[PDB]
Structures are given as structure tokens and as C-alpha cells.
Amino acid sequence: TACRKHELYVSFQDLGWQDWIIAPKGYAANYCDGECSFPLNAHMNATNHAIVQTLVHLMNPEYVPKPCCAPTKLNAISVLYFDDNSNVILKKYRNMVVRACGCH
Amino acid sequence: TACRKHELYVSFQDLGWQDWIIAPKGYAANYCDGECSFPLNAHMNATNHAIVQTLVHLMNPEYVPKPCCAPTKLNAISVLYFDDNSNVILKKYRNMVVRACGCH
Amino acid sequence: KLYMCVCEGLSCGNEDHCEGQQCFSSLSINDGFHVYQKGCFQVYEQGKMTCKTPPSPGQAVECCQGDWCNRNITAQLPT
Amino acid sequence: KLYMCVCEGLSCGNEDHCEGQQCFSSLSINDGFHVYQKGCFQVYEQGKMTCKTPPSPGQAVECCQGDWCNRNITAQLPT
Amino acid sequence: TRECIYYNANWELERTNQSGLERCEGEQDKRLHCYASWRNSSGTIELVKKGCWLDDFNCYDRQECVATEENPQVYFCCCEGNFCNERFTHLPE
Amino acid sequence: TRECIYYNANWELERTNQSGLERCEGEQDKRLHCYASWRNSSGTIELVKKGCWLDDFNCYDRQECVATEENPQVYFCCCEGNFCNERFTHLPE
Ligand SMILES: *[C@@H]1O[C@H](CO)[C@@H](O[C@@H]2O[C@H](CO)[C@@H](O[C@@H]3O[C@H](CO)[C@@H](O)[C@H](O)[C@@H]3O)[C@H](O)[C@H]2NC(C)=O)[C@H](O)[C@H]1NC(C)=O
Ligand SMILES: *[C@@H]1O[C@H](CO)[C@@H](O[C@@H]2O[C@H](CO)[C@@H](O[C@@H]3O[C@H](CO)[C@@H](O)[C@H](O)[C@@H]3O)[C@H](O)[C@H]2NC(C)=O)[C@H](O)[C@H]1NC(C)=O
Ligand SMILES: *[C@@H]1O[C@H](CO)[C@@H](O[C@@H]2O[C@H](CO)[C@@H](O[C@@H]3O[C@H](CO)[C@@H](O)[C@H](O)[C@@H]3O)[C@H](O)[C@H]2NC(C)=O)[C@H](O)[C@H]1NC(C)=O
Ligand SMILES: *[C@@H]1O[C@H](CO)[C@@H](O[C@@H]2O[C@H](CO)[C@@H](O[C@@H]3O[C@H](CO)[C@@H](O)[C@H](O)[C@@H]3O)[C@H](O)[C@H]2NC(C)=O)[C@H](O)[C@H]1NC(C)=O
Ligand SMILES: *[C@@H]1O[C@H](CO)[C@@H](O)[C@H](O)[C@H]1NC(C)=O
Ligand SMILES: *[C@@H]1O[C@H](CO)[C@@H](O)[C@H](O)[C@H]1NC(C)=O
């Protein structure tokens with residue numbers, strides 16, 4: 001019931017990316033979950049619009065839904081994968097992991 | 001049932017900011033709503049993490065919730081308000097309106 | 001490059017014309033229904049990762065690289 | 001400036017110490033309960049806008065500017 | 001681009017410019033406007049704040065600057081135009 | 001800061017450097033590593049890709065470079081250290 005950074009380990013064996021990804025076999029996505037209620041403390045990194053929205057939701061519940069707990073700080077991970085021509089390529093996929101979840 | 005930019009007009013008379021804000025009497029927040037399901041088209045401006053999350057949600061529904069429809073492009077609005085010393089000050093409040101909602 | 005394909009489905013900006021690097025057609029099982037989607041991918045990294053997944057129960061992301069390649073390549077679930 | 005105040009409540013990073021420009025204490029009516037919150041605001045614009053609203057049914061954001069100003073300024077709903 | 005006359009009543013305390021004309025600034029695809037705010041004071045007009053204003057829906061295509069608000073503590077009129085904040089009237093809507 | 005030996009097998013088609021040592025790059029509070037990937041080929045070892053690798057949980061405190069994966073199409077070992085991608089062994093876990 002609060003915007004948090006729940007940690008989890010996602011494996012590429014389960015997603016089906018098993019015969020075209022050499023490494024990593026899995027990484028940590030650290031999804032975000034919770035709810036945002038008026039007012040929001042500095043811990044919940046929120047924008048001004050998020051605050052206006054939660055206030056207009058407190059004034060009228062059916063008018064506007066609560067803000068959404070979304071990632072704010074993301075990093076990148078390196079993936080060494082096969083292409084369609086049996087070659088292998090290293091690429092830095094951006095915005096793959098989460099390090100902070102705010103009421104964006 | 002899709003990440004959209006629903007338009008609305010929020011007035012400062014209803015939020016209680018009536019006797020310390022001179023202008024504007026109200027503006028347009030344009031909140032965001034919807035749901036994100038695998039896969040996501042280029043219209044739903046989503047990050048790589050959002051795609052990984054919706055995929056791990058499709059594989060297992062109770063493991064991870066769906067991504068959240070959050071604003072991506074925001075603008076700023078000028079507010080001319082009274083301070084605590086009966087003076088009047090103009091300030092550019094940033095991130096007050098929404099112009100695009102993606103599966104952030 | 002760029003390729004114009006149809007954009008039928010629940011989510012599109014009211015323009016069937018979709019200009020993308022990789023067009024596709026998907027058929028899921030989300031919310032216990034058979035929702036059909038057809039669209040384009042203007043992001044190579046995302047298009048590749050979402051077009052390399054192995055078709056299974058729940059997903060049917062059949063992609064395509066050519067001109068109007070999406071019209072008649074309707075997705076179909078597996079066994 | 002910066003001011004250290006308590007951070008009791010449902011949402012905090014497990015650190016009562018909260019360093020902020022404006023500390024406060026709130027008592028809402030969200031989800032039909034009387035949830036209490038106490039925290040700090042490291043954003044002047046947001047702290048001001050949220051501390052200038054007029055107390056009413058549903059909200060009770062009583063703020064404070066000083067040192068440990070939040071401990072004994074518990075919020076109370078209006079009439 | 002646009003430009004409005006910037007007169008700030010608090011020039012002393014904020015050590016800012018008192019008089020002058022200031023260029024407006026804004027992002028791409030964002031209209032800019034001029035804003036004037038003054039106190040009537042039962043006839044003794046006293047200019048307060050005048051300058052640039054960001055995109056506003058209710059301030060649209062205002063070739064003149066008219067304060068439509070009736071009996072306000074601080075009269076405020078927003079206009080769209082080059083140097084449109086030099087003339088202002090209080091016409092109740 | 002860190003640095004790993006960068007040898008890329010595709011130097012021709014991508015018109016990139018074939019041999020050399022390349023400095024690693026990363027953000028603040030982000031460990032960097034070295035990665036090596038090769039094909040055993042029933043004894044005829046053929047180096048493929050070697051270089052810098054971003055933060056990885058399973059590649060942690062690897063003073064050496066060991067490919068723990070059993071019978072892979074492309075052997076891959078990640079190590080944490082300065083120039084740790086010059087020696088590699090296939091030790092099945
Ligand atoms: C809002 O954004 C801030 C700033 O990014 C987030 O604060 C960060 O919170 C994390 C999790 O508590 C901190 O990581 C922890 O730091 C120490 C030192 O290592 C230790 O307790 C843990 O091992 C962990 O690494 C991080 O330092 C902190 N960052 C800053 C700059 O203070 C905050 O979490 C965000 N809000 C939410 C609701 O996620
Ligand atoms: C994902 O981001 C893109 C890029 O910001 C968003 O596309 C934008 O969509 C809006 C709404 O359809 C477009 O505004 C419209 O443009 C024309 C010309 O004025 C007209 O149809 C309407 O009057 C309206 O202003 C906007 O031009 C368009 N931007 C770009 C660069 O194409 C998109 O909406 C975002 N996705 C979602 C789900 O919101
Ligand atoms: C400051 O406040 C004064 C007082 O309210 C304003 O003067 C008022 O201006 C209006 C303009 O519509 C006058 O109404 C018109 O006046 C004459 C007859 O007197 C006629 O043209 C119309 O029938 C209409 O009634 C109003 O009489 C006048 N009031 C007084 C006491 O003189 C003034 O405009 C305000 N100035 C600013 C800069 O805000
Ligand atoms: C490439 O593949 C070959 C063949 O699998 C690898 O050689 C193998 O290396 C292991 C190392 O543990 C040898 O196991 C050990 O061998 C001796 C007895 O033969 C003894 O030290 C231990 O009892 C253990 O069994 C294995 O025999 C050997 N296989 C062959 C056919 O020679 C080689 O290491 C791989 N090289 C790379 C760079 O990946
Ligand atoms: C503001 O004051 C400075 C310093 O005297 C002057 O150079 C500048 O032209 C002034 N700008 C305006 C808009 O009056
Ligand atoms: C890459 O090649 C360039 C051009 O010859 C050379 O200057 C540079 O030192 C090389 N870098 C490495 C790491 O080998």
C-alpha cells in the first residue's frame with residue numbers, strides 16, 4: 001500500500017529467450033508497486049501533476065484515479081545475443097533495471 | 001483499457017486554492033489512464049523494463065502486475081500567487097500538465 | 001528502414017497507417033479474451049526482443065519486415 | 001533550509017529521520033480510515049502548494065518550518 | 001518569438017529590474033502571452049506585476065488585455081500580442 | 001575505473017578495431033566487469049568476443065574467468081578484475 005521497489009529475479013529461460021541469448025541467463029528487474037495517497041512525502045518522488053491529481057482524487061473519488069507507482073531511475077544491462085545470421089552481438093539494452101520507484 | 005491522455009479541466013476553486021492564487025483560476029491537467037498488455041505497439045511509448053514486466057506478467061499473472069500508464073511528456077505553467085507576507089510572486093511551476101501518456 | 005502497415009486494434013491513434021522498423025500481428029489471451037492487435041515497431045531493440053520470443057499459449061507475435069507486410073499475416077495460437 | 005523531523009506512517013524508507021524544507025503531519029479519510037502520516041518536504045513548490053490548502057473534511061495537512069517541528073503538532077480534522 | 005513590458009513592484013527586495021521590456025521564453029509549439037496585474041484601489045491605480053505568461057487556455061486570442069474578473073483583490077488581465085500589456089481595462093464579464 | 005582487453009571477431013564488417021585494450025565505462029555506483037566469449041570447437045579454441053560488461057549479479061567477485069555453463073554453443077565467462085579476461089577455463093558447475 002505504498003510506492004516501493006519490490007526486488008525480484010527474472011530468468012530468460014522462462015520468457016522463452018533461451019536459444020538466442022547467450023548471457024545473462026537472468027537479471028533483476030525490481031518491479032514497482034503500491035498506491036499514492038494525498039499528500040505525498042519526499043520519499044515518494046512525485047511530480048507536481050501527481051500531487052494535483054491525488055488532491056483532485058481526494059476531493060472527488062470517481063473523477064480521477066490515484067497516481068501510478070512508476071519507475072523513475074533506471075539503468076542499462078549488456079546482452080550478448082544471436083542475430084538472424086548466426087552471428088553474436090553485444091548490445092547495451094537501456095532502461096532494463098529499476099533502482100527507484102516514485103509516484104510519476 | 002488502453003494508455004490514453006484523457007483531457008479534463010481542474011479548477012483551483014475546488015481544490016481550496018482560492019484566497020492565495022490570483023491566476024490562473026484553473027488549468028488542464030489531462031490525466032492518464034488505461035492498461036498495458038503484451039506486446040506494446042510504438043503508440044504506447046514504453047521502456048524495455050515495461051516490456052519485460054508485461055511479459056513476465058503474461059507468463060505468470062500473480063507474479064508481477066501490469067505496467068502503469070504514466071505521463072511521459074510534461075510542460076510548465078505560470079502561477080501568480082500570494083506568499084505569507086501579503087506580497088505577490090510569479091513562479092513557473094514545472095511538470096503541471098500532461099501531453100503524452102506512456103507505459104512508463 | 002521504415003514500413004507502412006495497418007494498425008487495427010484496441011490501441012492506436014486513429015491512424016491505420018503505422019510507420020515502423022518491424023511490423024507485426026499479435027493475438028493474446030489477456031483478460032480471458034482473444035484480443036487481436038496489429039502494429040509497427042519504431043524501436044529496433046524492442047522489436048527484436050518482442051519478435052524473438054517463442055510462440056506459446058498466451059502470445060502469438062508474428063512479425064514482418066516488408067512493405068504492408070502485416071495485412072495478411074494474421075497471428076494464430078499454437079497447438 | 002533543512003530540518004530533521006519524524007517520519008512515522010505507512011510510507012517511509014524505514015528511517016524516522018526525515019530531512020526536509022517543510023515538515024508536516026497529515027490525517028486523511030482515504031479508504032474510509034483515519035490514516036496518520038508525518039513527514040518532510042524537500043521540494044519548496046510542492047511543500048507550499050500542499051501546505052496552503054485549507055483544512056477540510058478528508059485532509060488535515062498541518063505543516064511546520066522549524067527543528068523537529070513535527071513531533072508534537074499532531075493533525076486534527078475540522079468541525 | 002514575443003516580448004512584453006516587464007515591470008516588477010518588488011525590484012528592491014529581490015534586487016531585480018524595476019523597468020524595461022523583457023523577451024518571452026517558451027518551448028516548441030507553446031504559445032507565449034503577456035500578463036498584467038494591478039490594484040485599482042478605488043481609483044488610485046497602482047501597477048504591480050507585468051511580464052511574460054506561459055500557455056493558458058482561457059488567455060487565447062486576446063488582442064487586448066481585459067480583466068474580466070469582477071471585484072478582485074488584484075486585477076489580472078492576460079493578452080496575446082506584441083507589447084499588449086501597456087493598456088488594460090476592467091470590463092466585468 | 002577498470003579496463004579489459006577488447007578483441008572483436010567482426011572487426012571487418014563493422015569496420016571496428018580487431019585488437020587492443022579498451023577502458024570500461026559505467027555510471028556512478030555501478031560495478032564494471034570483463035567478459036570473454038569463445039567457441040571450444042572440440043579443441044580448436046577460437047576467440048569470439050571479449051570486452052567490457054555492465055553490472056551483473058551472477059558475475060560477482062569472480063577473481064578468475066570461468067565458464068560454468070555445461071555444453072554451450074558459445075562458452076561465456078564473466079570476471080571482476082583488472083585485465084581478467086586473458087585467461088579462461090571451462091569448469092562445469
Ligand atoms: C526516491 O528517490 C530516492 C533517490 O534516488 C530513493 O532513495 C534511495 O533509496 C534506496 C533504497 O532505500 C537507497 O539505497 C540504499 O542505500 C543505502 C546505502 O547502500 C542502504 O540502506 C541500502 O543498501 C540501499 O542501497 C538509496 O541510497 C537512496 N538514494 C538516495 C540518493 O538517497 C528513494 O528510494 C525513492 N523513493 C522510493 C519510494 O523508492
Ligand atoms: C507517445 O508519444 C508520442 C510522441 O509524443 C505521442 O504522439 C502524439 O500524439 C498526440 C495525440 O494524438 C498528437 O497530438 C495531435 O497532433 C495533431 C496535430 O495537431 C492532431 O491530430 C491533434 O490536434 C493533436 O494535437 C501529437 O502530435 C503526437 N506527437 C508526435 C510527435 O507524433 C503519443 O500520443 C504517445 N502515446 C500515447 C499513448 O499517448
Ligand atoms: C477601477 O474601478 C472603477 C470603479 O468601479 C472603474 O470605473 C468604472 O468604470 C466602468 C466602466 O464600465 C463604469 O461603468 C460605465 O460608466 C458610465 C456611467 O457612469 C457609462 O459608460 C456606462 O453606463 C457604465 O455604467 C463605471 O461607472 C465606473 N465607476 C466609477 C465609480 O467611476 C474603473 O474602470 C476601474 N479601473 C481599472 C483600471 O480597473
Ligand atoms: C574444450 O573441451 C574439452 C573437451 O571437453 C575440454 O577438455 C576437458 O577438460 C576437463 C577439465 O576438467 C577434463 O576433465 C579432467 O580431465 C582429466 C582426466 O582426463 C583429470 O584432470 C580429471 O579427472 C577430469 O576428468 C576433460 O578430460 C577434458 N576433455 C578432453 C576430451 O580432453 C577443454 O577444457 C575445453 N576447453 C575450453 C577452453 O573450453
Ligand atoms: C535589466 O537591468 C540590467 C542591468 O542594469 C540591464 O542591462 C538590462 O537591460 C535590464 N533589462 C531590462 C529588460 O530592463
Ligand atoms: C583503435 O584503433 C584506433 C585507430 O587505429 C587506435 O588509435 C586506437 O588506439 C585503437 N584502440 C584500441 C583499444 O585498440
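Along the chain as shown, residues are numbered 1 onward.
Determined by electron microscopy, 3.2 Å, according to the entry header.
Positions of Cβ are set from backbone N, Cα and C atoms, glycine also.
B:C103 is paired in Swiss-Prot with B:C36, the candidate among B:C32, B:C36 named as its disulfide partner. Sequence-distant contacts of B:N45 (N-linked glycosylation site), defined as residues of its own chain at least six apart whose C-beta falls under 8 angstroms from its C-beta, comprise B:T72, B:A100, B:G102, B:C103, B:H104. Of the recorded residues, B:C3 (disulfide bond) and B:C101 (disulfide bond) place their C-alpha atoms 6 Å from one another.
Within the same chain, residues at least six positions away from B:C69 (disulfide bond) with a Cβ under 8 Å of its Cβ are B:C3, B:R4, B:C32, B:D33, B:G34, B:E35, B:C36, B:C101, B:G102, B:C103. Residue environment of B:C36 (disulfide bond) contains 24 other Cβ atoms, counted within 10 Å of its Cβ in all protein chains.
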